[PDB]
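Okay, structure first, notes after.
Cβ: placed from backbone, ideal geometry, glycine included. Neighbour counts: every protein chain shown. Every number here is computed from the coordinates shown, using simple stated rules; none is lab data.
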Ligand SMILES: [Fe+3]
Ligand SMILES: [Fe+3]
Ligand SMILES: [Fe+3]
Ligand SMILES: [Fe+3]
Ligand SMILES: [Fe+3]
Ligand SMILES: [Fe+3]
Ligand SMILES: [Fe+3]
Ligand SMILES: [Fe+3]
Ligand SMILES: [Fe+3]
Ligand SMILES: [Fe+3]
Ligand SMILES: [Fe+3]
Ligand SMILES: [Fe+3]
Ligand SMILES: [Fe+3]
Ligand SMILES: [Fe+3]
Ligand SMILES: [Fe+3]
Ligand SMILES: [Fe+3]
Ligand SMILES: [Fe+3]
Ligand SMILES: [Fe+3]
Ligand SMILES: [Fe+3]
């Protein structure tokens with residue numbers, strides 16, 4: 001019971017942690033003049049914030065008390081020295097959002113909490129699409145960057 | 001007091017000097033068949049002329065006498081043998097426009113000339129955006145030109 | 001700063017003093033059948049009251065207490081005998097308004113009151129425009145009035 | 001090529017004229033002739049467009065252009081009334097016309113039919129311009145015979 | 001006199017010869033799967049036909065008898081083994097159209113035939129723009145083809 005409350009609460013922190021990692025990725029791309037990839041990251045930073053606010057709003061409706069935790073400093077921007085490194089961290093970040101949601105669904109399932117299971121369904125399916133989209137961008141970036149300059153030519157055109 | 005008059009007057013010459021450097025860059029790019037970069041430079045040549053005319057118009061309103069100086073021949077087109085060289089001179093040129101405006105703001109500040117400080121504010125912020133935009137283009141051009149031909153393929157698509 | 005609060009209060013008084021002086025000019029012009037110059041003066045009497053109202057609204061928001069002072073009786077109308085005299089008094093009035101504003105900005109700058117200085121900026125620039133416009137009308141009035149009846153032909157035309 | 005040199009000098013002459021027009025705009029604004037000031041500011045932008053048109057044709061025709069300094073205007077020092085300013089501007093347009101005719105004579109000697117064709121609309125624009133300027137100068141010279149009267153007509157044009 | 005008739009007549013053959021060379025270039029590009037460059041050539045083939053018909057129409061109006069000559073087989077498509085070779089032949093072809101028009105203008109000039117000189121003026125200026133545009137495309141193609149594959153990537157995007 002309490003475990004469900006705790007995992008709901010942790011989900012909000014995970015989505016806001018992901019919002020800040022995406023903002024860090026936007027900064028790294030703008031600082032290195034990848035304005036197209038920076039705008040994509042900034043849009044995802046706002047979207048993850050929206051995911052967190054949806055969990056807050058449902059929790060309030062369901063009388064699940066939310067206590068906002070610290071949103072950790074992103075520190076993957078330590079590692080990053082090329083756009084591949086940034087997109088690989090973003091892929092790992094979406095995988096962690098997916099695992100957080102599955103853990104939460106498992107707790108709900110154990111509790112027979114059908115309303116929380118229902119609420120999570122569109123997020124499970126969102127995550128499938130997000131991991132697919134980021135996986136695909138990572139593949140494109142890794143392939144284009146085999147030729148000097150070429151990756152730039154595709155921040156400019158796409159994004 | 002007089003120093004403020006002189007620096008106002010010099011600002012007009014700096015913006016018209018920059019207008020002519022951008023026209024020289026347009027010529028170098030058209031002569032070398034970079035029609036996209038040439039059209040960007042020609043647009044900036046007109047914009048710097050507009051900055052100079054705004055300083056003339058304010059000076060007339062504020063009874064700061066303007067005496068138009070010679071606009072020097074651009075001679076950076078000596079150096080240029082690749083688009084990187086052109087964009088690097090343009091970056092240096094915007095940095096000199098920014099320094100000219102800051103010197104002018106310092107004189108105004110010393111004189112407690114609040115109207116001239118206010119007038120300069122949108123130009124300080126314009127310059128921040130211009131140095132950022134030219135820095136970013138220079139980075140893109142330097143990276144694309146690591147592969148023969150590739151830079152061309154992006155005059156054509158962007159610009 | 002007592003100085004800064006008093007000068008803010010004084011600025012409201014100066015804008016309302018100027019409103020009344022413009023209304024006095026409108027009466028002189030209407031009495032002497034210069035209906036075009038009267039309507040100009042009436043529009044400016046309303047604009048200077050809007051300036052004073054702008055200062056009262058910002059003072060209220062910034063917790064600057066406003067004590068409304070008397071708006072003195074205009075005295076120049078006792079001595080005006082031609083349009084040139086009236087326009088010369090309005091130029092002087094505008095020069096006063098600008099001095100009052102620069103005094104207030106000097107007090108704000110000493111107090112490092114960044115918000116008050118930022119509020120004043122559009123008024124600094126408006127005064128450059130108003131002094132230029134009045135000085136140019138005064139110049140046209142003074143030249144046209146060298147031929148009998150010619151200035152009348154220009155209240156009728158412009159205004 | 002004296003042809004090449006004259007084509008470069010034409011760019012410099014148009015930008016020289018742009019600056020002389022801007023200097024006339026400033027003398028008029030300083031002296032509260034805002035109407036005549038706006039006419040000269042428009043001409044200053046038009047002359048810069050004539051120079052840009054020359055640069056563009058030279059780039060297409062592979063005529064190398066090397067931008068020269070644009071000399072500071074000096075006729076403002078002597079102006080004391082609008083008639084002086086307008087008289088300098090008529091002299092400036094006569095100089096622009098002469099520069100175009102010198103370029104056209106070299107193109108004709110060279111049998112450069114493309115450059116002669118390119119110049120034709122500029123020869124006709126100069127006729128129109130010298131006419132308009134000579135007409136305004138005549139109107140200003142006549143109106144300024146009565147004190148104040150010229151002013152009364154800046155404000156109405 | 002007769003020389004003017006002959007050179008008018010030869011101009012029609014030159015424009016129709018150029019129409020067929022452009023059609024040959026379209027075929028070579030379609031056969032080698034350069035559909036963007038093929039469509040440009042086909043458009044120029046129709047345009048040169050239009051230039052020839054304009055000369056026919058003026059000649060009819062001016063009572064210059066036209067006798068249509070054989071339009072020669074294009075045989076530059078012998079040489080061609082890369083798009084650079086095609087564009088270089090097209091540049092040479094526009095240079096020959098320009099020379100044909102200048103020869104014709106010289107004959108008209110000698111004859112003091114002011115109507116034929118006037119008629120040719122827009123064609124002299126068309127040619128300046130055409131040689132500039134083809135020169136520029138040739139430069140782009142020669143530079144892009146320094147990297148395998150890259151030129152293709154710009155038939156697809158431009159054209
Ligand atoms: Fe997302
Ligand atoms: Fe997304
Ligand atoms: Fe999320
Ligand atoms: Fe996500
Ligand atoms: Fe700019
Ligand atoms: Fe720009
Ligand atoms: Fe500038
Ligand atoms: Fe700039
Ligand atoms: Fe006002
Ligand atoms: Fe006003
Ligand atoms: Fe006021
Ligand atoms: Fe006022
Ligand atoms: Fe003109
Ligand atoms: Fe001109
Ligand atoms: Fe002109
Ligand atoms: Fe064509
Ligand atoms: Fe074409
Ligand atoms: Fe043709
Ligand atoms: Fe052609």
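General observations
- Three-way shape call for segment D:60-99 based on the alpha-carbon gyration tensor, with the a/c threshold at 1.5: oblate
- The mean number of Cβ atoms from other chains found within 10 Å of a Cβ in peptide D:59-67 is 6, as a whole number.
- For the peptide D:140-153, the mean number of other protein chain Cβ atoms found within 10 angstrom of a residue's Cβ is 4.
- The GNM of chain C, with springs linking C-alpha atoms under 10 angstrom apart, assigns the highest mean-square fluctuation among C:75, C:56, C:12 to C:75.
- Among E:69, E:20, E:88, residue whose mean-square fluctuation peaks in a GNM of chain E (springs only between Cα atoms under 10 Å): E:69
- Put a dot 7 Å past the Cα of residue E:82, heading toward its Cβ, do the same for residue E:10, and the two dots end up 3.5 nm apart.
- Between helix E:35-61 and chain E: long-axis angle, C-alpha atoms, 0 to 90°, nearest 10: 0 degrees
- Inter-part distance where segment C:57-97 and segment B:74-122 are each reduced to a Cα centre, Å: 40 Å
- For chain A, the square roots a ≥ b ≥ c of the C-alpha gyration tensor eigenvalues yield an a/c of 1.5 or more together with a/b exceeding b/c, which makes the shape prolate.
- Chain D, helix-only ellipticity at 222 nm - DSSP H runs n ≥ 4, -39,500 (n - 2.57), divided by all residues, nearest 500: -27000 deg cm²/dmol
- Tilt relative to chain E, helix E:2-31 - C-alpha long axis, 0 to 90 degrees, to 10: 10 degrees
- Inter-chain neighbour count for B:24-36: the average number of beta-carbon atoms from partner chains within 10 Å of each residue's beta-carbon is 4.
- Gaussian network model of chain A, Cα within-10 Å springs - most flexible of A:144, A:94, A:44: A:144
- Principal-axis tilt of helix B:83-110 within chain B, Cα atoms, nearest 10 degrees: 10 degrees
- Projected label points at residue C:66 and residue C:31, each 7 Å from Cα along the beta carbon direction, are separated by 3.1 nanometres.
- Residue E:139-residue C:3 pseudo-label distance in nm [points 7 Å out on the Cα-to-Cβ vector]: 6.3 nm
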